[PDB]
Structures are given as C-alpha cells and as structure tokens.
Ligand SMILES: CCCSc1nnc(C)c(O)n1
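A lone chain, given as structure tokens: the form solved without this ligand.
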C-alpha cells in the first residue's frame, strides 16, 4: 500500500542498561544490539530469538556494525577501543587502540578491509581489519564525532560532529573533499550516505532531518515533526517496500516519513524511553527499534507495505 502498517511482533529483553544501537546483518539472519551495559547481543531477525552475548569491552558500547559478509562485528566503546568480533565464535579477533577518548561510531567499508571510527577525541580513524593497525588519523572536527559512514564504492567517508559540520573525506588519501554543512550550530548528530551514494541523510539537534545532494551540495528534502535536541539518533532509508525515512525520537516514538513527499506516514508507539536507534531489514519490511535506560528493550515491527 501507499502507507506502511508496522505492527509490534516481538520485544527483546536482556540488556541491563540503555541500548545504544541495533543493526541487521546484511544476510538478514541476525539483529546485533550494543549497550551501555558493555555487551553485544545477537538475536534472530525474524523471531527475536536470543542467540548469544558477546563480551570483552571494559566500558559501555556506543555502536556496533556488520561486515559485508555478515561474519564480523566491530564495536565502538567508552574504553577508547574498537573490537573486531567473530560472530560465530563470539571471540575478539582484534582490539583497535589509538583514540584518546570515547569511541562513539563505527562502520566497515563495502570491501570490509577497512573500519572507520569517530571519537569524542574529535578525530576519525581508518583501520586495517586484517592487522588491526590504524592506517590514518583525520583531524576531522573540533568537537565529538557523532557518525561515520562509507559510500557504496568505499571511495568516500561522511562524518558529522557537534562542531556543526558534515564533512566528506577521500578514503585513499584521508583529505577533505568538501564541508557539506558549515554552520557554527546546530550540532550534526547523525549522517549517512543513501544506498546509491548520491545523497546524505543528516540529523541536527533542532528536531530536523535533511536529505542533501552530495555532488550539488544542496538540501533536497527536510523531515520534521519528531523530537531530537539531545541524542545522536540514527536514521534509515527503508527500501524493501515503500521508500521511507525512519528515525527514533525523544518522545519515545519511531517516526516514518514518505521520502519524496516528506509527510509522516506512521508513528510506532510502545517504547517507554527515547528511541536512540532504528534499523531496516535488508529484504523484509521489518524495523528494529531500541530505547534508553527506562526501557532497555529492542522491538521488532513488521509491515505488509
């Protein structure tokens, strides 16, 4: 149909502090959750079935991300490290050391030979997955780095910061290609490339999501009606059915907009705290949502459209 009809299917309990992020495995099999409780949990994507806990970080985790082949995870922790995990064995393969403050955000490149990280230390780091060596340190920002993401061919990195900037980096050289957002304020709390790599979705802490044309460097769409003044809340392109934008919200709801029209097409109610993270299943019309410490649950929602 023209609108989605996401309905609650499962509630996933077990984290003992705020959930920080949820991500679907590229192969659709799994949901991974990270939490302030220092743990990663793996869940069945379709039935919410608890699979395993992955442990090792000495402090809370802000983010977790999947390799392209669904075999590895990378986590970003307040212990100033990232850890690369074998999902099958649950073992830590590498500890990525070099950040001087909390590591907030992380992603594999499509090749999954590199990891990008952003930290409270105001740097972006590019790591070799095989060796766990830091290849490049980018002096990217003048305040904590809120998000990092590679584009579809891995040639570009997009970063965002509380400094109010969105910057695009050449992966090979680490050199800045452009400053896409150049305001003193507000803080840019989230950024990611569109599936096709032509657009950047950016959240600012003035209750606003914006879709930017990367090449032209101008704003194509604005999404409002949600609450976002404090937290680095993820946002998604939903592509399996209708073409939506999905975001959590500080009013404890998930918001879904029509990408083209910018109209809100659904609000998902159930969480009892800030929805910090949403993920869209790679093949099925399924949303995962995760909430802060008054809730500490993950919800799986499914839609016919």
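Each form is matched to the other, and the largest set of C-alpha atoms that superpose within 1.5 Å is called the rigid core. Numbering follows the first chain given and starts at 1. Only residues modelled in both forms are compared.
Visitor: For the higher mean C-alpha B factor in the entry, choose 82-90 or 102-110.
Guide: 82-90 has the higher mean C-alpha B-factor.
Visitor: Regarding 119-127 and 194-202, which shows the higher C-alpha temperature factor on average in the entry?
Guide: Stretch with the higher mean C-alpha B-factor: 194-202.
Visitor: Sorting 245, 64, 42, 264 by Cα temperature factor from the record, which one lands on top?
Guide: Max CA B-factor in the entry, restricted to 245, 64, 42, 264: 264.
Visitor: When the CA B-factors of 59, 54, 280, 259 are compared as recorded in the entry, which is the largest?
Guide: So the option with the highest C-alpha B-factor is 259.
Visitor: Compared with the other modelled residues in the chain, in which third is the CA B-factor of residue 37?
Guide: It falls in the bottom third of the chain.
Visitor: Among the chain's modelled residues, which third holds the C-alpha B-factor of residue 133?
Guide: It falls in the top third of the chain.
Visitor: Ranking the modelled residues of this chain by C-alpha B-factor as given in the entry, is residue 71 in the lowest, middle or highest third?
Guide: Residue 71: CA B-factor falls in the middle third of its chain.
Visitor: Report the third (lowest, middle or highest) to which the CA temperature factor of residue 234 belongs, ranking only the modelled residues of the same chain.
Guide: Tercile = lowest for this residue's CA B-factor.
Visitor: Would you mind ranking residue 150 by its C-alpha B-factor against the rest of the chain and naming the third, lowest, middle or highest?
Guide: CA B-factor rank for residue 150: lowest third.
Another form exists, deposited with this ligand bound; not displayed. Remarks below refer to it.
Visitor: Go through 194-202, 129-137, 177-185, 92-100 and give me the stretch that gets within 4.5 Å of this ligand in the entry with it bound, heavy atoms only.
Guide: Flagged stretch: 194-202.
Visitor: According to a 4.5 angstroms non-hydrogen atom cut-off, is residue 66 in contact with this ligand in the entry with it bound?
Guide: Contact check for residue 66: no, nothing within 4.5 Å of this ligand in the entry with it bound.
Visitor: Although this ligand is absent from this view, report whether residue 243 comes within 4.5 Å of it in the entry with it bound, heavy atoms only.
Guide: Within the cut-off, so yes.
Visitor: Wondering, does residue 259 line up within 4.5 Å of this ligand in the entry with it bound on heavy atoms?
Guide: Yes, contact at 4.5 Å.
Visitor: Decide whether residue 237 counts as a contact residue for this ligand in the entry with it bound under a heavy atom distance cut-off of 4.5 Å.
Guide: Yes, residue 237 lies within 4.5 Å of this ligand in the entry with it bound.
Visitor: For a quick check, can you give me the residues of 266-305 that have a heavy atom within 4.5 Å of this ligand in the entry with it bound?
Guide: The stretch 266-305, when checked against this ligand in the entry with it bound, contributes only 284 at the 4.5 Å heavy-atom cut-off.
Visitor: Give the option from 84, 138, 87, 181 whose C-alpha shifts by 2 Å or more between the shown form and the other one; the alignment is on the rigid core.
Guide: By this measure, the answer is 181.
Visitor: Relative to what we see here, could you say if residue 183 and residue 124 have their Cα atoms closer or farther apart in the entry with it bound, with a change of 3 Å or more?
Guide: They are farther apart; the C-alpha distance rises by 3 Å or more in the entry with it bound.
Visitor: Any idea whether residue 224 and residue 184 get closer or farther by CA distance in the entry with it bound, knowing it moves 3 angstroms or more?
Guide: Closer: residue 224 and residue 184 approach by 3 Å or more in the entry with it bound.
Visitor: Where exactly does the backbone move between the shown form and the other one? Looking for runs of 3+ consecutive residues, each with a CA shift of 2 angstroms or more after core alignment.
Guide: Residues 181-185 form the sole shifted run.
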